[PDB]
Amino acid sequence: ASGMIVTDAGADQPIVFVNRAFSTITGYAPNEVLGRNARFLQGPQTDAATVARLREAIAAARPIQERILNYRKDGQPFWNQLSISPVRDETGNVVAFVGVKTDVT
């Protein structure tokens, strides 16, 4: 199943919701991740240039897709086919961001 992360729009995009698939994929329970920026999923061999593109896209509230190396709670690396999009109200205000890890199987 596809993992989903929802964050606040502002400050440092703290996580406000993760679906059940997120916990299966990453080994983290909601209470371990809520209120944190999702960058804790990154680790030593995560590609800096990819992280920079995510940083610029989120700052601009621009949708982005990247294949990024992430790490489970237990330290095991996994490839995250990650897509991030802003949630806008009808005035164009950004209310949240939504991140999806596409189950590519």
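All residue numbers refer to positions in the sequence shown, first residue = 1.
Look over 85-93 and 9-17 in the entry and identify the one with the greater average Cα temperature factor.
The recorded data point to 85-93.
So 71-79 or 49-57, which one's hotter by mean CA B-factor in the entry?
Result of the comparison: 71-79.
In terms of the CA temperature factor given in the entry, to which third of its chain does residue 33 belong: lowest, middle or highest?
It falls in the bottom third of the chain.
Can you tell me whether residue 65 has a C-alpha B-factor in the lowest, middle or highest third compared with the other modelled residues of the same chain?
For residue 65, the deposited C-alpha B-factor lands in the middle third.
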